[PDB]
Amino acid sequence: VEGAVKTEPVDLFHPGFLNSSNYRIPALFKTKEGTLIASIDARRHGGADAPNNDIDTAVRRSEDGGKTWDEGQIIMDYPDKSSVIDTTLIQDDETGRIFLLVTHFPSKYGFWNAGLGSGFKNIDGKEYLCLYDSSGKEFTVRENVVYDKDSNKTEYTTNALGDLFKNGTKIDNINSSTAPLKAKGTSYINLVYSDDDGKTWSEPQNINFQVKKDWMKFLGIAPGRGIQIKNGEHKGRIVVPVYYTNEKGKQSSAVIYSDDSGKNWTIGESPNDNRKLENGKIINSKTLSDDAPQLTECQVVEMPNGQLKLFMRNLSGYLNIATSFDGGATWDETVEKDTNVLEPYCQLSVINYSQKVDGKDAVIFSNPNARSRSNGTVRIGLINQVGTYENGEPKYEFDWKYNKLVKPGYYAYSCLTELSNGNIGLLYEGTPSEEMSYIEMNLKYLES
Ligand SMILES: CC(=O)N[C@H]1[C@H]([C@H](O)[C@H](O)CO)OC(C(=O)O)=C[C@@H]1O
Ligand SMILES: [Ca+2]
Ligand SMILES: [Mg+2]
Ligand SMILES: [Mg+2]
Ligand SMILES: [Mg+2]
Ligand SMILES: [Mg+2]
């Protein structure tokens with residue numbers, strides 16, 4: 001229609017960019033200063049997940065609303081097939097700090113074989129990263145100095161990237177397959193930040209000691225974006241979607257969150273904790289033993305009063321939505337299934353939109369609208385109060401009033417952002433692991 005905008009796709013990441021053969025897993029965010037940040041996995045040996053790859057994190061920036069982009073940078077790179085996989089972006093509006101979090105595995109490890117627990121040990125009230133030698137003897141890293149099990153200082157030291165130095169000379173890296181001292185083979189959550197609008201980024205901080213429980217095997221970022229709560233008692237809280245597996249390997253979603261501008265993090269309960277299934281069974285994420293109730297990658301949005309809605313990948317074939325009245329600490333026992341929205345067991349993106357649409361608060365959603373990773377569709381969902389819960393809290397539902405096919409054929413992971421002009425940017429996997437496409441759309445197009 002006249003006035004509708006849907007730009008022709010640009011290959012924002014593609015084979016050869018930064019000398020990476022493959023790319024996957026988009027994240028897209030507009031900063032407070034109006035800059036667009038796009039992050040992605042630079043998958044260097046094909047498209048596979050860890051451990052069958054060597055994956056680095058890459059970022060591109062646009063300072064002109066997505067019309068032109070910078071030459072890109074690699075911001076995290078571990079050696080010898082240790083990978084960083086699945087990024088998410090969020091900014092703290094109060095301080096201007098941008099966070100990028102990612103899952104990190106040592107060489108040989110990934111989702112399916114991650115070991116139990118955080119990989120940290122408490123010694124006299126502080127958590128310290130553990131390292132193991134070939135015989136399984138345990139050492140700890142205390143302010144980057146390696147101590148043995150008797151708390152004798154050794155000749156070894158580390159840095160934030162896991163390099164291992166003997167008397168100050170680098171000999172290996174605790175994340176490699178060859179090191180004489182190795183971190184535990186499991187997932188770690190890494191956080192980096194930028195205070196200059198994405199131009200420069202910190203060394204990684206390993207926050208597993210704050211968020212990963214002893215009974216979790218995998219705990220990983222759910223890729224895309226986080227939120228900072230705008231309304232209500234938890235205004236300011238930074239919320240980052242994650243998901244984990246228990247000792248039986250079964251997946252449950254949750255969020256991690258920070259109330260002190262990203263300095264410290266907490267994991268909330270899962271919607272699987274005290275969840276009431278359709279057959280009436282009350283489950284929890286620590287004991288979940290069946291595949292059907294699994295809840296995996298997720299993204300979160302906020303309702304007008306601050307209530308949170310967690311949109312989750314799951315095994316039902318349709319969208320699942322959880323509700324939190326306490327800022328992501330816990331969730332209501334009923335996970336809703338929205339049979340208006342197919343969910344083929346793939347990541348989805350959902351964001352709040354800043355302007356009312358047809359007199360209602362709205363969200364924008366993107367996923368493959370099919371029983372497979374295809375038919376990529378962007379939707380506008382209008383928020384209505386439909387009633388209350390028995391506890392008196394408002395009960396909200398979505399009306400998926402506008403649904404637009406944007407990508408015929410292959411469509412997998414994606415990430416949305418609202419742009420400064422009120423339009424919508426979208427970075428999507430329109431190929432399995434090669435070209436990652438960026439488009440800008442206006443509401444006239446999405447409604448047409
Ligand atoms: C850490 C990791 O492996 N992430 C991968 C994730 C995961 O394998 C699945 O969620 C496990 O159930 O899946 C996929 C996928 O295309 O489906 C891509 C992610 O990069
Ligand atoms: Ca690497
Ligand atoms: Mg463009
Ligand atoms: Mg090496
Ligand atoms: Mg080797
Ligand atoms: Mg609950």
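For this structure, a couple of remarks:
- Any chance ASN391 is outside any strand (DSSP E or B), out of contact with any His (no Cβ under 7 Å at 6 or more places or on another chain) and loosely packed, with under 15 Cβ neighbours inside 10 Å: yes
- Residues of the range 92-122 that are more than 17 Å from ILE25 (Cβ to Cβ) and in a strand (DSSP E or B): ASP92, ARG97, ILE98, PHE120, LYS121, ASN122.
- Residue list for the range 50-72, filter: more than 16 Å from ligand 3 (Cβ to nearest atom), farther than 15 Å from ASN22 by Cα and in contact (Cβ under 8 Å) with a residue 12 or more places away in the chain: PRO51
- Tally of residues being farther than 11 Å from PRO368 by Cα, outside any strand (DSSP E or B) and touching a residue at least 60 places away in the same chain (Cβ under 8 Å) across the range 394-436: 9
- Any chance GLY185 is out of contact with any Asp or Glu (no Cβ under 8 Å at 6 or more places or on another chain), within 23 Å of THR287 (Cα to Cα) and more than 16 Å from ligand 6 (Cβ to nearest atom): yes
- Condition met for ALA48 (aliphatic (A, V, I, L, M) and surrounded by fewer than 24 Cβ atoms within 10 Å (Cβ to Cβ)): yes
- Selected residue (criterion: surrounded by the fewest Cβ atoms within 10 Å (Cβ to Cβ)) from residues of the range 183-231 that are out of contact with any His (no Cβ under 8 Å at 6 or more places or on another chain) and hydroxyl-bearing (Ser, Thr, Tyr): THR200
- Residue within the range 416-426 that is more than 22 Å from the chain's Cα centre (by Cα), farther than 25 Å from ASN305 by Cα and of a type outside the set (S, T, N, Q) present: no
- Residue selected from the range 162-173 under the condition in contact with a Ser or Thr (Cβ under 9 Å, 6 or more places away or on another chain) and within 15 Å of ligand 5 (Cβ to nearest atom), by the criterion nearest to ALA114 (Cα to Cα): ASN173
- Boolean, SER289 is touching a residue at least 24 places away in the same chain (Cβ under 8 Å), part of a loop (DSSP other than H, G, I, E, B) and among the polar types (S, T, N, Q): yes
- Every pair of residues 6+ apart whose Cβ atoms lie under 6 Å, when the first sits in the range 149-178 and is in contact (Cβ under 8 Å) with a residue 60 or more places away in the chain while the second is of a type in the set (S, T, N, Q) and within 16 Å of ligand 5 (Cβ to nearest atom): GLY162/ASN173; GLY162/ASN175; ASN175/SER82; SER176/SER107; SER177/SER107
- Selected residue (criterion: surrounded by the fewest Cβ atoms within 10 Å (Cβ to Cβ)) from residues of the range 305-325 that are polar (S, T, N, Q) and within 19 Å of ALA254 (Cα to Cα): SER316
- Those residues of the range 326-345 which are assigned to a loop (DSSP other than H, G, I, E, B), crowded, with 18+ Cβ neighbours inside 10 Å and of a type in the set (A, V, I, L, M, F, W, C), in sequence order: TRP331, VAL335
- Across the range 258-304, the qualifying residues are those that are of a type in the set (D, E, K, R) and closer than 24 Å to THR95 by Cα, and the one among them that is surrounded by the most Cβ atoms within 10 Å (Cβ to Cβ) is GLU302.
- Qualifying residue in the range 295-315 (condition: without any contact (Cβ under 8 Å) to a residue 40 or more places away in the chain, away from ligand 3 (no atom under 16 Å from the Cβ) and part of a loop (DSSP other than H, G, I, E, B)): yes
- Looking across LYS170, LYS199, one residue alone is outside the structural domain of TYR109 (by CATH) and farther than 30 Å from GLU247 by Cβ. It is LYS170.
- Condition met for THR95 (within 22 Å of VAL300 (Cα to Cα), more than 16 Å from ligand 4 (Cβ to nearest atom), over 15 Å from the mean Cα position of the chain (by Cα) and polar (S, T, N, Q)): yes
- Here the range 86-144 is the region considered, the condition is being within 16 Å of ligand 5 (Cβ to nearest atom) and over 19 Å from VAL211 (Cα atoms), and the residue that is surrounded by the fewest Cβ atoms within 10 Å (Cβ to Cβ) is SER134.
What is reported rests on the model, the rules as stated and the sources as named; these are not laboratory values. Virtual Cβ from ideal backbone geometry, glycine too; neighbours counted across all protein chains shown.
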